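J.: So the protein sequences, as listed, match chains V and P.
For the first sequence, position 730 matches number 730 in the working numbering, and the numbering has no gaps at all.
Add 1011 to the 1-based position in the second sequence for the working numbering, that's all there is to it.
Think of the CB as a built atom: it goes at the ideal place given N, C-alpha and C, for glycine as much as any other residue.
2 protein chains.
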Amino acid sequence: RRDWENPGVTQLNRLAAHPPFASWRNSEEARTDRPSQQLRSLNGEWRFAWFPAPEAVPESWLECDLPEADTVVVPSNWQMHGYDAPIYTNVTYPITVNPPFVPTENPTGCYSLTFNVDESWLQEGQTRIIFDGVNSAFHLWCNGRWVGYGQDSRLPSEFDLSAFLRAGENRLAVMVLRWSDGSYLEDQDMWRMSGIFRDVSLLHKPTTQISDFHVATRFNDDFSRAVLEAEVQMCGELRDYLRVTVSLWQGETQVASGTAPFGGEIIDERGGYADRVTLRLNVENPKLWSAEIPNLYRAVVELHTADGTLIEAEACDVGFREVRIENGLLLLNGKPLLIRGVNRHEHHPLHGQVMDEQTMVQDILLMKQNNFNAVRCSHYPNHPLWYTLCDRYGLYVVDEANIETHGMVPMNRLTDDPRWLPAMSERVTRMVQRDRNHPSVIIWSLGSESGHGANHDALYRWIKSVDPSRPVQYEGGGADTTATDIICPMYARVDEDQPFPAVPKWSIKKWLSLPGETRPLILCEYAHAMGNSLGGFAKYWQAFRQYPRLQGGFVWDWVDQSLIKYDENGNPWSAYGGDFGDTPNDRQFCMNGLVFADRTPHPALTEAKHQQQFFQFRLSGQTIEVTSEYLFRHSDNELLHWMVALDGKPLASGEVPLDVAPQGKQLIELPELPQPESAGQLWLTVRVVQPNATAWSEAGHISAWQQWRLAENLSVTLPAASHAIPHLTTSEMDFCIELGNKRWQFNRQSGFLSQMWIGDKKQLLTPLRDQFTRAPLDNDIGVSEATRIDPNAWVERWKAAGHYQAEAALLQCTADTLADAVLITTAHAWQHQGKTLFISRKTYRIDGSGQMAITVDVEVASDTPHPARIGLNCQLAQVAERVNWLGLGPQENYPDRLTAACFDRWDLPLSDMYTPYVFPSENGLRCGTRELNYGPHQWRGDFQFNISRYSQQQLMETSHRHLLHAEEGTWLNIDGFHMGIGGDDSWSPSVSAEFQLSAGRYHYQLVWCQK
Amino acid sequence: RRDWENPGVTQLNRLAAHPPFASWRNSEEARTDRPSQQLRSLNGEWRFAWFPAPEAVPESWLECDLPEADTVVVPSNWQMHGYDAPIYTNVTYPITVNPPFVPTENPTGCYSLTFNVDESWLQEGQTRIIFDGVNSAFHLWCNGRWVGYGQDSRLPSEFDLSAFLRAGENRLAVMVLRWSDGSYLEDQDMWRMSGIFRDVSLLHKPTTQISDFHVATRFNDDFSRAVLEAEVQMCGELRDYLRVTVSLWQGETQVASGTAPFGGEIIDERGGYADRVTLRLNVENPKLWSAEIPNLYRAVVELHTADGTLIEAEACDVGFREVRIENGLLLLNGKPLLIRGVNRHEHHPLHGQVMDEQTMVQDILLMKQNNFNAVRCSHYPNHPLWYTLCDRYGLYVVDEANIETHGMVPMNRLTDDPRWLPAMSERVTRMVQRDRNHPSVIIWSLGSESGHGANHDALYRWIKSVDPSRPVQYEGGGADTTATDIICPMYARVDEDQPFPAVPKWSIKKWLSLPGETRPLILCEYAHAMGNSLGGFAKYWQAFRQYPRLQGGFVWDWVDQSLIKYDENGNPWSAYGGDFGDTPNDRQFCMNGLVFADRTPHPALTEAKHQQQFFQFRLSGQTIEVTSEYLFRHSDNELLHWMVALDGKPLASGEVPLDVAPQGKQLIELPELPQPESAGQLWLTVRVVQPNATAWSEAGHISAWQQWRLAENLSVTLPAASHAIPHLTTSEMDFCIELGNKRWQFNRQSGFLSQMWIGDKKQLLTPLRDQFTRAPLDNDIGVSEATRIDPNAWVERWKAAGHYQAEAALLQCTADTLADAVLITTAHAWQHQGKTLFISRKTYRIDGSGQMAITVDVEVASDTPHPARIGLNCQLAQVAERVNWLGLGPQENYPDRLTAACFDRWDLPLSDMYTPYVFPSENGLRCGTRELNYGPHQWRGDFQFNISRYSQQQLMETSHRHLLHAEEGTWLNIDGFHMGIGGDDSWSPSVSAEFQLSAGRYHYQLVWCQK
Ligand SMILES: [Mg+2]
Ligand SMILES: [Mg+2]
Ligand SMILES: [Mg+2]
Ligand SMILES: [Mg+2]
Ligand code: NA
Ligand code: NA
Ligand code: NA
Ligand code: NA
Ligand code: NA
Ligand code: NA
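1) Are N1758/P and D1771/P close, meaning C-beta to C-beta below 8 Å?
2) State the beta-bridge partners of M756/V as determined by DSSP.
3) In whole angstroms, give me the CA-to-CA distance for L876/V and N741/V.
4) Answer yes or no: do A313/V and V246/V have a C-beta to C-beta separation smaller than 8 Å?
5) Quick one: does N412/V have its CB under 8 Å from some CB of chain P?
6) Taking CB distances under 8 Å as the criterion, tell me whether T1107/P reaches chain V.
7) Could you check the C-alpha separation between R1780/P and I1850/P for me, to the nearest Å?
8) Would you check whether ligand 3 has a heavy atom nearer than 7 Å to the C-beta of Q1380/P?
9) One question on the structure: do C524/V and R340/V come within less than 8 Å of each other, judged by their Cβ atoms?
10) Give the range of the beta strand (DSSP E) segment to which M1186/P is assigned.
11) I want to verify the contact list: residues of chain V whose CB lies under 8 Å from the CB of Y1284/P, in sequence order.
12) Taking Cβ-Cβ distances shorter than 9 Å, what residues in chain V pair up with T1440/P?
13) Counting only the same chain and skipping the five closest in sequence on each side, list residues whose C-beta sits under 8 Å from that of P1114/P.
14) So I1375/P is in the alpha helix (DSSP H); what residue range does that whole segment cover?
15) Would you say the beta carbon of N90/V comes nearer than 7 Å to a heavy atom of ligand 6?
16) Based on the DSSP output, what are the partners of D1081/P in its beta bridges?
17) Hey, would you say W46/V sits closer than 8 Å to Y149/V, going by beta carbons?
18) Indicate the three-state DSSP secondary structure (helix, strand or coil) for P1612/P in the structure shown.
19) I'd like to know whether the C-beta of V134/V is nearer than 8 Å to at least one C-beta of chain P.
20) How close, in whole Å, do the beta carbons of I981/V and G535/V come, if the pair is a contact with beta carbons under 8 Å?
21) Which bits of chain V does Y1195/P rub up against, with CB to CB less than 9 Å?
22) How would you label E1968/P, buried or exposed, when you count the other beta carbons within 10 angstroms and need 16 or more for buried?
23) Suppose you measure from the CA of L12/V to the CA of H139/V; what does that come to, to the nearest Å?
24) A502/V CB to nearest chain P CB: under 8 Å?
25) Identify the contact partners of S1436/P in chain V, using a Cβ-Cβ distance below 9 Å as the criterion.
26) Within 8 Å, do at least three Cβ pairs link the segment 1665-1679 of chain P to the segment 1712-1729 of chain P?
27) Nearest to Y1284/P by alpha carbon, out of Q1265/P, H1315/P, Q1244/P?
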């Protein structure tokens, strides 16, 4: 038999799925969730042997350890140890599409373990083995005898080892295949790996035992009364003296307990379940669970005899919450939700897809601190601990079944095929049985990107029957099919329609109102954060607040999926698709996160945080209107710090206490603000500050902020008197201005400022020229490759138009002396093959105060692709340590991603002005700047800038950030105007009309001085 | 691998289900349904060796033919050959309830065939073998090499033998097991049999082939325009010259044709099915299919090259019809159906469960002739021809999956278990894939008696997704769950509620109007025709006609499930549960048919035909209003014949032609009817004759009748004043009365007419005594057995009150002489344990004419169960060959089943006054009798009688009809009143209260005279 090429066999001898069991033998140990003696980790060192195919496994391996096998830590993905290559493919299957068959050359891992089992474990009761995750299919041996089989990489396979074990030395023999018929249902946009990557353990249950238990919580209309309904089922010998007790605990206070013997209600003509019992517990004024306040009770479930003897105990954390859809709104406890969610793959840069508590808690803290309240389990059920943490910390969860068949043609080839229904069901039904008692799971998901097929319709119904307490969503087949309670598009834009045949992505605003549509809209994927991205994120959040039925979305995605490789010297660098010799691959498309693989925030995470704020503000006069977007809590750990600044100088600060009810408003009347005579722009800045520590945040944590311009006083008073006058020199091929020790040199042949001198010091390493291009971002390249061109992508439009190879051909270069200034006047035309693309006309005005005033006027041809930027660049000579600017900051910000950034006086080390994207691109830009200081230099006016040791030319030629060499001096890019960065998706142009540089005529002015 | 003990493996290497294939290579043969050379039968002589378990089967059998093995016909059930005992069991599984395990002792059939396959079949193309039905699991080998395995007794299993066959002689090894994990899903109330009971055949398709086609016909509002849509799916190498032509044929006229290349519409983001095409055909004023007019078109699918060269062709019969539920009514072509239906089991008395065309046509002819329009495939997909004949002859079909699990406790134990969904789905999806092109299939069913579990829900929605053109029904879990489109109870009564907890059976009239409820109600099982049953069948039909949403039902059931056994003298007898040594068993409960196993009508059938009439009648004065219950057809083959008759003798007749529109009316005025002066009662009698023959009926066929009491003039004139006067001789213990050559012997110690003489010849073998009991019917018995008494049932109520062993005590016996007559007055009091049950007060009166007038006055104790009858019986010494009566007839009729009988003079043999019910009971009764003639004897009055060679005592002591011996003389029971027979169900008291003898006081009068 080739069970791994048979989609109608998914398991052999596998025990039924159930909610997490520990089998405590003490009620107090179960109530506190203390570790159980009856659950035993087998995590640790195992033997591992690699094989190119199952047939190459020697018969001897079932009995004795192979002499050339190494010793490795389980759990692990074996690719992370280097026995073979990890593959990153997005859509295309990493194997040939021939369902159900896999390649004969099928990488085969041979894990083995020697372990002990106490005598007392085998005297009575049942001993089983839990493989929490094995990718992708495996057979199992115990002491050499055959035990069983299992598929689905992301759910606990369980087998009964009772008859197989003997007291003392036992050996496990686990054969793990890389590719299986299970691989066809497992085509997620992630690294393709394999091996025992989750916990292995033993659990001991008595013969008479709890086999399954369901907890439900139903409420009245005001949520003041609740009934906890617990269904318990048993295995073993049924006896009249058997009892079940469910107790509910508020920490240490017991709030309710009930007892009854087995035998349920009459359900049909043949009676009731004799081996089942349902206990109903009344709970008055229950403390409700939500992400805002994760109030939890402990439910203890005991199997005991009538005379008192405990048999075993199970327990779970219980959240009293109601999830329902009514009138088109998705309600948590009778209030409409606003999902501030993110998608999250289980990924670690070292360990691969192996998870741990530290990495899980760090992610959860980072989400909660950045105003997130939900996570999607993209695209598989997670490690069992994950849910316990969302139960305890407070994050809504979409639990998603392990089905993705993206590579199929058409995408629903398998999911409408009834020969594939059994395997699909096993993946939905087993998720539900495992995770159903977790309060944090508010929505089930049928999978990801597998079109729409009858199987989705069938298993949609299955869940609705089995668990009415949760809506079901599925995006496939157009996001609004009959297999979903929620319209859940991906990369659907706010205002723009995308009318693809069969599966259009309508504008989310429009979608809601399509004839006969009633359902809530929550995107399962939006704001593709690949590279420099999240442009237009504000436009999403505005719409969400405005439209009741737009109830938020899940950002794609949380963390970059880059792996760590090492160089000759042994220095670690971040690798992406294709860096392991994996072919075919999809390169940098694995890197879509709001954080780097080490959990360092991308600049995008701050924009997300700012838009997802739970407090909104309005200013009228000098009153501040504060609206709380919480649904349940008061603002009982919140304070408001306000400050007013004149061009960076603080004038008055103050802190007012916040007492805002959920959905409520507070009016803070500010004191008389001081109006200064001084010329400049007044700005108000407010902050919500959490004064006390929480489980997820430090004391003094900032949760929300906002700025308004207050008064502005324009400078009327004249520039300070200068009697010095710059002297013009006119040579055959140079214009040269001179004042004191300051010397400006304009090349009469090229037309640019070719060199500057302060004393006998060179200030420039290249000439100050115009720049209309940028180093392409990931949103600029799209799916384009040098081997398969996508003409629609921005980068290609620019390329073919000759934007990049444009030769500046000078038209005019004259100089004129004024009473107290020298006026240089230049004019250039960047041409490509007879076609004039841009025309720069400048005026340089050096005067007797030392300052060089620059006036640029650019014409852009209407029938050329809009330019990426309109500004100038130069390589300076100085390498200063600090960048000090007045403008929007402190973190990186672009025209379509800058609500987060505040205006003020920012001083940073030079290296913070560069953003280390693994795929190097244009970066570090800061918008809305009125002053930039670098060493002796100072630029004034109104512009955008980035500054670093990296030329655009290098950043566009370098594929990996670790290959980047710091150049001589400092590259400076000053743009009067810079295109948007986009982000709605990353496979088609996503920069919005208002952030394209379409105007045709642009102007800016820059003052260059010394201080 | 114990595959037969695992629900996760239902097949191995089995090809996907599809509609009937033939793989014609000639378009014309395909169109006319001509036999195909590419589809060979493998029926006939096979080798068979029985085994106690699969372990006992030797390895040599895969290679060499076994010597002890016999040569038997295939298809067959090996029980019918006598290899082991057939088992009839109703609810309780024949095996121990321990899913998914079966008894290690597992009857195992070894079928082996050697056969010739021509060389051209192996060169190119695909060669497959089809087992249309193997019960219940089987492994398959070809030439010693293993091919595959299959489950589900009632759906075809197909395997590709291409790589296994050889040029020359090939050998087949089929290991058929009686018990497997599928047996748990096959708990139908029927004889449990095993073996290859359906056609085995070999099919040769090309490599580039049609693999699937779906036909769908949608309509405009008035059905004057239709669109035929044909989805055609291919397998093999896809080339740009491959084309599909689908042509529709009306007999010999091509009404439409369409040609397309492969390449469906885009269905999702990954493109579309390149292996599929949809051809659409317009049809103007199509000929609509129905059970009334089975208009059938013919669709021919041609797979061919672009130049003309045929590759292959398929076809099916296409009926233009639409099934939809609107506003609560099931509409067939926008008109509300009234389902005159029946359940039919595939059962033959000799061949067990092997179906043939002859018997199928006989069933269908018999049904259509008896006013049935619908049939339910209880409880599994039928032989593939059943659908073809139902298509052509015109019967609405409920196609039911092979799923019953009645025996589980509770009933839904497996159907609510997600681990059982895979094996459950297979049975529903493979039924739909096969039968979806049959226009007779109007309703899908999810199974029979298997409670209600999520699996039903999941699969209800699967169907609604795949085939939105058919309602889905399923009775489990209370008959109105979320898994059904139709309220389909079983044995819900018309007025009486049965409020069982959890799954109540409401009175059908009440059910429809329950709060919230909107659906139509079509009973899936009613009028349980077990023996002398179907009392109150008239009540169901009064209801169905009065209530739009009561749209009929399916009688349980068509045929008695008796098998033939031969006794000592080679005589064949009908045998039921127990007679094959089968234990535990459910005795005669296998026989619930309207016809006998050999298709001979029960008297019940005429009642069904009458109540399922398509013509309704009312009579006002002399006007006869005819209403049509057809929806589509006119009455073109219809003629109304009428006849008036005074006391039997016709006075007028003649016939008027019929011309009534569907739902229409026709008034017919009678010519002046000659009023006879002679006393008596006139009776109008109409009949609808079909003058022309049909595919289903012989010319002259009666399809509807009805009677009315016209005028009546009573007897005014006195009897002829006789001159004689009978002599009375009073001795010690005799009252002898003599007149001429006639003598009456009254026993003065018993008070009965002990003897009578027509001269010297004795008349009575046993005296004329009162009778208050009857030989209990199946309905009187219920489930009561002599070991498990059902105290509620009528037979037990009667026994325990002492009805059978009741002793007639004499209270009074006096005689008296009158002016022209003798008068005997006899009072009696039947008693039991100090309690009088009945008191009979009679007067016997013999006068000068020589006629005895008996005048009975019966008081029945209020607190005793109501008697089964209140009459008289005696055993005549005469045996005559004709029974001639004036009353309701000719066939058997009782108080609550007589609407079909007519009032007239009826003359039949004695053997027709007895109904040979396999299980013997009270039988042959005729009601509303005014005159009965037997030999010399004549009886006048208003009574119910039966007449036979068998006593009431004999019938109640005899378990089988073939153990009945004719007693001397003839038994005559004249009842003034008889109880109803019931039949709502056969497991609880079901005699409606108006047909019970609850009056507590009864009177009737009889005239006994010689002629
Ligand atoms: Mg498999
Ligand atoms: Mg994908
Ligand atoms: Mg099986
Ligand atoms: Mg049954
Ligand atoms: Na909203
Ligand atoms: Na990706
Ligand atoms: Na506060
Ligand atoms: Na009706
Ligand atoms: Na039966
Ligand atoms: Na009997």
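T.: Put simply:
1) no
2) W744/V
3) 18 Å
4) no
5) yes
6) no
7) 13 Å
8) no
9) no
10) 1179-1188
11) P410, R413
12) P418, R419, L421, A454
13) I1106, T1107, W1190
14) 1368-1380
15) yes
16) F1059/P
17) no
18) strand
19) no
20) 4 Å
21) Here the premise fails: no neighbours, minimum Cβ distance about 14 Å.
22) exposed
23) 9 Å
24) yes
25) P418, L421, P422, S425, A458
26) no
27) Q1244/P
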